[PDB]
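Input: a single structure, listed below in structure tokens.
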Ligand SMILES: [Mg+2]
Ligand SMILES: [Mg+2]
Ligand SMILES: [Mg+2]
Ligand SMILES: [Mg+2]
Ligand SMILES: [Mg+2]
Ligand SMILES: [Mg+2]
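Residue numbers (PDB author numbering), protein chains in the order written: chain X, 1 to 195; chain J, 1 to 195; chain C, 1 to 125; chain I, 1 to 204; chain Z, 1 to 222; chain H, 1 to 226; chain Y, 1 to 211; chain a, 1 to 233; chain N, 1 to 196; chain b, 1 to 196.
Encoded structure:
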């Protein structure tokens with residue numbers, strides 16, 4: 001649970017997250033899905049300390065689902081990201097902080113725009129065209145800085161994402177067992193089952 | 001420079017050594033040959049602290065080559081392994097020890113027998129049918145304990161070695177960038193260029 | 001340590017110890033070297049005053065310094081072993097530090113330097 | 001981290017009637033990992049037997065060292081070294097490394113060729129001699145061996161009875177030690193014949 | 001800095017017979033290289049045909065025993081004088097121990113008695129509450145000296161039948177109370193020879209359907 | 001360890017217990033802690049056992065050579081001076097704590113030496129983990145002008161106090177008496193108050209109980225003729 | 001310690017070793033590292049035995065109360081979750097627990113790994129303890145979904161043996177369990193010493209060991 | 001968690017045929033400074049018990065007040081406070097032992113080592129030890145601190161086991177205690193010459209002796225001791 | 001330890017207690033801390049017993065060799081040898097030494113050499129752990145050119161108080177008198193000095 | 001700091017120096033360490049100035065409230081209040097206090113309360129860093145039932161020596177006299193006490 005990438009293209013947000021889970025010197029799982037659907041058009045990927053990641057993610061999910069039922073309305077990606085940021089900013093000065101970094105990929109149905117938010121465990125929020133956490137950006141950002149356009153199609157975004165993963169697979173010492181890729185657009189959230 | 005395996009079959013010794021070299025968070029090389037030919041029928045693979053490994057290996061190589069010229073005679077694998085062990089036992093109580101673990105694969109032309117010696121940086125020598133250093137044995141020894149016979153052909157040894165590498169590639173958190181495989185037999189030392 | 005200057009100049013400008021060392025070479029068995037177009041041959045005399053000799057184990061007159069260079073000699077046999085050992089060590093030392101084997105000229109220059117050193121160092125002949 | 005328990009292993013020696021016995025396990029490991037099941041820890045120089053537990057590199061180094069010294073002893077003295085003399089040599093050699101010691105627990109066993117008297121002795125890593133009449137123990141399961149030997153041992157056992165006693169002392173001690181086992185050897189030593197027996201035991 | 005823990009030495013031993021059980025322990029109490037008492041009872045009759053010994057840090061051992069004895073008393077009050085079975089006592093002790101998971105009773109505990117079928121029973125605990133039923137268990141200082149001997153002489157480990165050469169094991173024949181007491185005495189006599197914290201005296205509590213009986217034996221005082 | 005030294009009328013006596021330990025385990029139940037430096041100069045050692053032996057042998061060796069060189073019988077002050085200067089040089093790293101006693105042409109002497117190289121003079125001394133138990137006895141019963149028999153009694157009683165009350169001490173009492181104008185008498189196992197009682201059972205196994213894989217003869221003889 | 005569990009055609013196998021150590025000293029040759037939560041649920045145990053025993057027996061209390069309230073057997077997913085949430089309360093306190101919750105419910109056979117961190121993973125195969133790497137090697141190379149109950153039982157048994165041999169802190173004996181929809185079935189205690197020689201002969205494996 | 005400041009050294013005691021004896025010096029040390037020379041560390045409770053305390057003096061004074069309050073509280077609504085329902089040594093000890101173990105369990109100990117000596121209603125001797133850890137034990141002889149190392153060996157020569165108690169008279173017991181106190185004065189650097197001694201006998205009751213001194217000391221042999229080895233003058 | 005040296009009319013007197021401790025245990029209660037390095041040059045030792053004995057033995061050797069070549073050394077010369085050892089090896093020593101001696105030319109002299117290896121010539125000097133408690137008493141009661149009997153009383157009373165308050169001090173009070181008449185050893189027992 | 005309290009025939013006298021240091025810097029050279037908690041119950045303070053002031057203020061409050069309800073408190077009662085604060089808060093305090101007072105029934109009384117929070121009733125008491133140097137002098141020169149003038153001289157001489165040797169002590173010598181006659185403050189300057 002170390003590698004999470006995000007890229008916002010023309011009409012969608014794409015989140016790529018590694019599949020590996022390591023306990024000690026052994027890789028326990030190579031098919032782990034490091035993501036939760038917060039609402040029909042909002043997806044959150046996560047990475048950080050063991051346990052805290054899923055617990056935090058599910059806690060956020062429950063709160064957004066509660067809001068959705070109460071108001072019969074889906075919160076905007078911006079509203080969700082602000083809620084999440086506050087929870088992490090709250091958490092960093094707690095007795096035992098939740099060591100969790102997240103990417104929030106959402107499609108705003110009101111504005112008809114994809115949106116990608118990057119939030120670290122301190123509650124540091126930034127809206128970006130593409131983002132990552134940990135060391136992931138060190139390997140991938142030079143490629144994204146070079147190739148990225150805001151008018152890219154979903155298919156071009158996936159191709160640029162493949163190049164980022166290939167560079168990670170070449171120069172990173174750790175084996176992260178590939179990535180699960182999910183797309184967030186006007187029609188909702190779907191998983192790319194061949195990557 | 002972490003993964004080195006060895007297996008002694010019927011008529012040869014096979015050494016498999018990883019290709020990766022890592023500096024910091026970046027993999028610098030994925031084609032590094034972690035081995036030195038000490039004599040025509042004696043090969044030594046090595047793993048340990050950066051720098052010390054090659055320096056020690058080359059120092060041993062120079063000494064065996066010097067002996068070969070002086071006496072016009074190739075030392076037995078046993079004699080070479082004893083020389084190497086003494087150098088490491090000497091080294092462990094030095095001001096700054098050489099942090100180097102080695103496998104010595106040799107074919108004894110007098111006895112017409114393959115021989116595999118495992119020596120760690122403390123000077124702990126053992127003759128084995130198959131061996132490894134570091135954590136390599138934790139993943140591979142259960143397979144070797146199960147499948148190994150002393151009458152195996154070179155081709156069967158390579159197949160068992162492939163299974164060991166596949167298990168390493170599955171359950172090890174680190175990407176070691178595959179292995180270079182070399183065979184030591186009566187005709188000398190050769191490299192398996194497709195593995 | 002023994003520091004006595006054994007190799008010294010004489011009034012006529014000769015170093016007699018070096019010249020007497022040449023007389024030892026004159027006494028030694030004949031050695032010959034001939035280079036062809038694509039080879040070099042080293043021939044050596046074996047004095048037949050010594051029979052009942054075991055030729056398998058008796059020190060051969062031609063010695064490999066490396067896999068590509070050889071050395072033969074004339075003079076004191078025991079002296080030659082010291083030069084051969086030093087040469088062999090230097091050959092491996094070169095391969096280790098420079099990653100190329102010695103050239104024949106380099107190896108010659110080294111051995112010749114050792115010989116020179118022993119003509120103006122104290123306590124040695 | 002603790003050098004005397006990285007590799008593991010045990011040695012035990014016992015005296016009997018006109019005989020001595022020395023035995024050891026065959027395990028060599030790297031902490032939790034078992035590496036070899038053929039690592040014998042008993043050596044002999046003429047008719048004197050030496051068992052060595054502890055750090056494996058030092059076990060091997062000391063064997064080579066005492067082989068060296070006993071070979072020179074024989075050339076000069078024109079006779080094989082005796083157990084009492086060898087014991088002093090082991091002690092001397094260990095103490096010369098007082099402030100940089102070999103991490104070992106040696107055990108000497110043998111019969112004096114002139115008097116015929118059985119002899120055993122143990123040492124700490126810096127040479128202190130323990131010359132016991134009954135038994136000597138060494139290794140990672142020395143506590144276990146002390147418990148077995150103290151109850152199982154009785155004086156003046158015949159060679160073939162001594163064998164059973166020392167074998168059962170070793171085996172059951174090793175089976176309560178994670179770092180010992182993987183096979184075992186027992187030497188039964190008489191004035192002019194020595195028998196070596198490999199024991200069958202659990203391989204975990 | 002204040003160290004709330006200490007080590008009072010001592011060694012205990014519990015063996016389960018076919019229709020009986022013994023819980024033995026030396027009577028020596030120590031700190032460091034000094035002797036506090038040559039006779040300080042360590043094994044107690046807790047009622048309902050149950051015997052108990054908490055070996056290690058005496059203060060925590062005395063507290064645990066005191067609490068369990070109290071738990072027996074209240075079990076009677078709360079459940080119409082029902083007899084507390086050995087298995088129920090064992091489970092209760094687990095919860096007493098785990099109530100201090102983050103500031104444990106520094107003791108290795110053993111209880112002995114009879115199960116509900118009348119067979120001999122011994123239960124062994126670690127400081128934090130893990131427990132399990134056993135046939136033979138030595139606890140405390142010289143536990144490592146005694147257990148290998150019991151593996152050999154009680155369960156006949158590594159012992160095979162002559163003539164077969166390792167093919168047929170020595171059959172696991174049941175031991176009498178007199179046989180067990182011999183093994184107990186020899187265990188402690190041997191431990192006393194090689195362990196400095198073991199000595200002075202040995203007190204054994206034997207549990208049968210008839211009740212609880214005591215036996216005392218001298219040990220070396222050096 | 002418990003060791004004592006007691007002066008008397010015409011000489012000096014030293015004593016010691018016979019237990020050697022490695023932590024809480026007893027390595028040897030009948031250890032020899034009384035060491036001979038010279039025929040009439042003996043010492044008892046506590047602390048690191050290899051150090052008390054090694055340092056006593058070394059000084060004993062040099063004392064012997066000194067005796068041969070000077071054609072004189074060795075003196076206790078010589079052993080004392082050589083020991084303390086050696087121990088001081090090593091700054092306490094040689095963990096030898098000794099009680100040195102003996103007779104020589106000058107008279108009878110009794111000293112103690114600490115690992116750092118400090119020495120003391122006295123009529124009665126005790127060292128080791130059981131020194132407090134021993135000194136309690138010595139302070140209770142010692143007097144001036146003791147006889148040989150009274151001194152041996154006091155010395156052994158002091159060791160017994162350590163044997164019974166100190167866990168680091170046990171087993172037997174060794175004594176050595178050094179009297180003026182006489183041979184020193186080394187009394188090994190002077191007292192034996194800790195013999196183990198007979199076991200309840202014999203643990204002699206039936207022959208063939210142990211499982212065997214292989215047998216072989218070991219060649220201990222040299223290479224043979226013919 | 002070595003524990004494993006895997007899902008297959010006819011349920012889930014659960015196999016564990018039996019050793020307990022206090023440093024180099026083997027304190028126990030026979031501890032039960034499988035906890036019978038109830039007739040349809042199993043829990044393996046690695047880490048602190050006390051934490052495993054206490055919290056999993058407390059899980060059984062919750063699983064029984066669930067059945068009384070709802071009149072229906074609890075799922076493996078819910079049971080595993082109740083346990084992981086208990087752990088998250090003492091998050092950072094120092095609990096040590098690594099266990100596979102094995103069972104059969106409506107969705108078929110189920111297997112969840114749960115540890116002190118609060119981690120909860122669904123999967124087809126898991127192994128924990130100091131000897132898990134050895135067990136994984138045998139499992140990965142021989143595991144199929146198409147396994148028979150007989151072969152699956154042997155696989156889990158053989159995988160523990162592999163660890164017991166190489167790992168110093170694993171051994172004693174092997175405990176087997178087979179989990180069906182009608183409940184779990186115990187398949188005995190198997191001494192490793194006796195099993196090793198037996199397997200060596202029949203299988204031909206462990207050639208390097210002399211027997 | 002604290003550290004002891006003003007401290008009291010050894011308390012020694014032993015059983016004899018008809019009762020118990022307990023003793024302790026009158027010093028309150030302040031590290032190596034022998035600051036207070038008139039400190040009473042033996043505190044009687046009624047006419048059947050004496051509590052001897054070593055270690056931290058401020059904690060001793062606190063315990064002293066607890067015991068004083070215990071006597072007051074026992075007398076409340078108690079017509080038999082000076083008879084059948086008077087405080088026993090065993091009651092007093094168990095109370096203290098409860099307090100000591102509770103305090104260590106809160107990581108705020110009473111930095112003491114206590115010996116409760118007394119005689120029970122039925123005439124039985126009571127002698128039990130408790131310290132800052134809540135550790136308790138009983139023996140025919142009990143001593144704290146240095147007394148454990150030097151006094152016990154001497155007192156155990158008189159009463160080595162339970163069967164020696166009836167054979168030991170009050171004169172022999174007191175003599176042994178007094179000798180032990182002299183030995184401690186020779187050898188304990190934190191001891192004083194002045195001490196108190198209490199005897200609780202089942203026949204003659206509580207005899208409390210104050211202002212005792214160590215006497216019959218041997219020092220004359222010191223005049224002959226010169227140098228540290230070779231010096232003759 | 002409680003040690004002192006006091007000059008008076010006829011010469012100088014050294015004084016000391018006799019207690020040596022290892023923690024709270026009194027390892028020796030009859031120690032002789034008054035050490036002879038020459039006929040009429042003595043010293044009082046405090047600090048590491050091993051260090052001060054080793055130093056005193058070396059000094060004795062130096063002054064014995066000095067005497068063989070150049071005759072009787074001065075007290076100043078003796079103090080200089082002490083200082084040279086203490087100063088040059090200050091990193092590896094824990095020694096507090098008072099040097100006292102009698103010449104016929106110079107009469108009684110006292111030098112104190114504290115931890116650092118500095119030298120201080122004084123009319124009288126006190127040192128050791130117990131000296132702290134008698135700085136006030138000694139300053140108030142010292143006079144120059146006292147008689148032998150007065151000086152003995154001054155030292156006896158001073159060390160009596162040092163012993164009274166310092167746990168590290170005790171036993172007997174030893175004294176050495178250095179005059180033209182010769183060398184006199186004195187000893188005073190607890191029953192004598194405690195009642196002062 | 002150097003402080004002392006001495007009982008005499010007519011009552012009790014408290015004495016103190018006036019130096020307060022922060023390391024080697026003298027933060028105040030005219031400090032008043034003689035503190036009033038009641039009309040004829042005063043105290044001498046040593047240790048943390050913050051702690052001893054806070055304690056003394058609380059005690060003054062307790063005795064003021066005590067007086068309103070139960071009349072004039074005893075010196076023992078005052079010492080008990082000090083002790084209660086010092087003992088119960090020993091982990092967070094560094095206070096060495098001497099309590100001195102005059103009753104008509106009990107006359108002059110002195111109680112010392114060292115670091116641990118223990119209480120010790122004494123004829124006289126000394127405390128502070130400079131007290132170490134005058135244990136010997138004070139023990140030798142104290143007498144019971146001295147006159148006012150003798151007691152003033154005893155305190156003046158004692159603190160003079162404490163000041164002489166202790167760098168942490170100095171300045172003026174303040175004194176407070178507690179008798180039936182009332183409360184008298186005294187002060188003695190360096191030129192007076194240094195020449196003693
Ligand atoms: Mg190795
Ligand atoms: Mg084992
Ligand atoms: Mg014992
Ligand atoms: Mg030093
Ligand atoms: Mg194993
Ligand atoms: Mg004193």
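C-beta: ideal position from N, C-alpha, C; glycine also.
Against chain a, the CB of residue 24 (chain N) has a partner CB under 8 Å away; the residue lies at that interface. Chain-order list of chain Y residues neighbouring residue 202 (chain I): 171, 191, 192, 193, 194, 196 and 197, by C-beta distance under 9 Å. In the DSSP annotation of this structure, residue 91 (chain Z) is not part of any beta strand (DSSP E); the continuous alpha helix (DSSP H) holding it starts and ends at 86 to 98. The beta carbon of residue 32 (chain Y) falls within 8 Å of a beta carbon belonging to chain Z, placing the residue at that interface. As computed with DSSP, residue 176 (chain Y) is found in a beta bridge with Y:15. In summary, the residues of the segment 93 to 104 of chain X whose CB is separated from some CB of chain Y by less than 8 Å are 96, in the order they occur in the chain. The beta carbon of residue 73 (chain b) sits closer than 8 Å to those of 38, 41, 63, 66 and 67, all from its chain and outside the five residues before and after it, given in chain order. At least one CB of chain J lies nearer than 8 Å to the CB of residue 96 (chain C). Nearest CB-CB separation between residue 150 (chain I) and chain Z: below the 8 Å threshold.
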